[PDB]
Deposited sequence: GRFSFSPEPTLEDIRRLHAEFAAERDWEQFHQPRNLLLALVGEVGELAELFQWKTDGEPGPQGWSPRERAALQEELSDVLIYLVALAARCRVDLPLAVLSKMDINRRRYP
């Protein structure tokens, strides 16, 4: 299994910044607003799993549709938040992976 090669994280940051700036929403995207929107989307992701004990690759296409959306909503707000904080998220993830290799040899 693997992801498609695109959109990348930068693609996602650009599409969302453009989406938001065309609608004059950037004035609502203070960090703590985006962090709570993230929390709320993580909450909608959790509602999909809450009555489903470990035993999603076998869910129906329809309930995998709801899962794709909620995973996407989390990612979009996470990218918005990181960008609002001037954090280069793909490089931060390489720095974190490097730390993890050294901590767990």
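*Coordinate gaps, deposited numbering*: Going by the record, the segments left unmodelled (no C-alpha atoms) fall at 1-2, 58-60.
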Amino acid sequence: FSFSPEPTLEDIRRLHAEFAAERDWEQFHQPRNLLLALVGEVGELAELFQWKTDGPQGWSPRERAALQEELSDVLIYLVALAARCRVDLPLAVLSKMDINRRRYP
From here on, numbers count along this sequence of modelled residues.
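*Which has higher Cα B-factors on average according to the PDB entry: 73-81 or 56-64?*
Here the higher of the two C-alpha B-factor means belongs to 56-64.
_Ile12 - Cα temperature factor, lowest/middle/highest third of chain_ = Middle third of the chain for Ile12's C-alpha B-factor.
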